[PDB]
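Protein chains in written order, with the working numbering: chain D, 1 to 364; chain Y, 1001 to 1006. A quick write-up on the structure given underneath.
See the structure below:
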């Protein structure tokens, strides 16, 4: 078993390097070795965990569109061997499960898993593997708008990654997290260099997904600066990048469509805003993303028919999904809309919701 | 909306 265990370690190394050809080679090698040794319950779980992690990489690089996804059968195979776990295998189990939960918008489960992984971090001698942990922990803290916690882990990650060679993908992703934390501190001019750096690296390694994401993150800065026409240009080109290189069905394209929709209404192009909102809504429904659909439903209910009962119900829903930053962003949109319309009694209510969300966020 | 963290 040490021989097969080394191979699975090698496999994981290539996954972290985003070298799909090597990962597939190692995957096929491991499966050949398994078919002969075939006598080790832990080695098999490590195998199923790496299968899991490998698919996570593939789903990020090529999103697959009726059939039970490969990720679900692997997750089932992995959740049957939870008793008597120990050592680094236990760290992997909780870390990989945390990653999966994060991809399903199961934020509380994800922190729960990550925190269990954190306890065994002194078991992880590999500095690059610890960087993976810190990067992924920083990411979820950013999505929870735990800015200081997020920066605390992200700096640890990027130093490790920047100390090695060929972790370019993760270095871009760390630049995303750093920049986005500055944006959450109201420093869009501090965020832009990080995203411009990422965009340049994303173009050098010709990774369309990261190119489209850099343009989106830049569009978010212009939006914050109220440079709405420039934000709109960034959002459109990012959408085009995604749509032209096989990511037209990536759930994360919905973020760019959402912000373009908001942007179009901010420029008072009412009809175009509805058009974008409806396209984003339809795609959300076709990608079976309930959470994204709700956000498109909110913007439409805000700018089109002023359905405040529906706005309130959506804000409550996102809070139950532990997505307080979106509660804050969406309540802020409604507050500012009703303020401009001089419906100040309604604007007050949404400002109170913005204040409530910020307090929930600060409560940690 | 949250930025892209990939």
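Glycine residues also receive a C-beta, built at the ideal position from the N, C-alpha and C atoms.
With a floor of 4 residues, list each alpha helix (DSSP H) that falls wholly inside the stretch 310-364 of chain D, ordered by position along the chain.
Within the stretch 310-364 of chain D, the complete alpha helix (DSSP H) runs of at least 4 residues are 324-340 and 344-362.
Per-residue DSSP class, three states only, for residue 371 of chain D:
Nothing can be reported for residue 371 of chain D: it is not among the residues displayed for chain D, which extend from 1 to 364.
I need the DSSP call for residue 116 of chain D, collapsed to helix, strand or coil.
helix
Of all the options D:128, D:126, D:70 and D:129, which has the alpha carbon lying nearest to the alpha carbon of residue 100 of chain D?
D:70
I want to see whether chain Y comes within less than 8 Å of residue 109 of chain D, judged by CB atoms only; does it?
no
Whether residue 176 of chain D touches residue 217 of chain D by CB criterion (8 Å)
yes
Quick check on residue 367 of chain D: does DSSP put it in helix, strand or coil?
There is no way to answer for residue 367 of chain D, as the model of chain D reaches only from 1 to 364.
Just reading off the alpha helix (DSSP H) that residue 205 of chain D is part of, what are its end residues?
No alpha helix (DSSP H) holds residue 205 of chain D; DSSP gives it neither H nor E.
Just the C-alpha distance for residue 251 of chain D and residue 1005 of chain Y, rounded to the nearest angstrom, thanks.
13 Å
Hey, would you say residue 153 of chain D sits closer than 8 Å to residue 141 of chain D, going by beta carbons?
yes
Amino acids of chain Y, ordered along the chain, whose beta-carbon sits closer than 8 Å to that of residue 173 of chain D
1005 and 1006
Quick one: complete alpha helix (DSSP H) runs, 4+ long, within the stretch 111-196 of chain D?
The stretch 111-196 of chain D contains these whole alpha helix (DSSP H) runs: 127-143, 147-163 and 168-184.
Would you kindly work out how many angstroms separate the C-alpha atoms of residue 125 of chain D and residue 14 of chain D, rounded to a whole number?
17 Å
Burial state of residue 132 of chain D (16 or more Cβ within 10 Å):
buried
Let me know if residue 87 of chain D comes out buried or exposed under the rule of 16 or more other beta-carbons within 10 Å of its beta-carbon.
exposed
Could you check where the alpha helix (DSSP H) with residue 1 of chain D kicks off and where it finishes?
For residue 1 of chain D, no alpha helix (DSSP H) encloses it, and the DSSP letter there is neither H nor E.
Under 9 Å between beta-carbons, which chain Y residues line up against residue 213 of chain D? List them in chain order, please.
1003, 1004, 1005 and 1006
Label residue 246 of chain D either buried or exposed according to how many other C-beta atoms from any shown protein chain fall within 10 Å of its C-beta, with 16 as the threshold for buried.
Answer is exposed; the Cβ neighbour count stays below 16.
Give the range of the alpha helix (DSSP H) segment to which residue 304 of chain D is assigned.
Taken as a continuous stretch (DSSP letters only), residue 304 of chain D belongs to no alpha helix (DSSP H), as it is neither H nor E.
What alpha helix (DSSP H) runs, 4 residues minimum, are completely inside the stretch 58-91 of chain D?
70-78
Measuring alpha carbon to alpha carbon, tell me which residue in D:235, D:90, D:289 and D:350 is nearest residue 105 of chain D.
D:289
Once the 5 residues before and after residue 418 of chain D are set aside, which same chain residues still bring their CB inside 8 Å of it?
This structure cannot speak to residue 418 of chain D, because chain D is shown only from 1 to 364.
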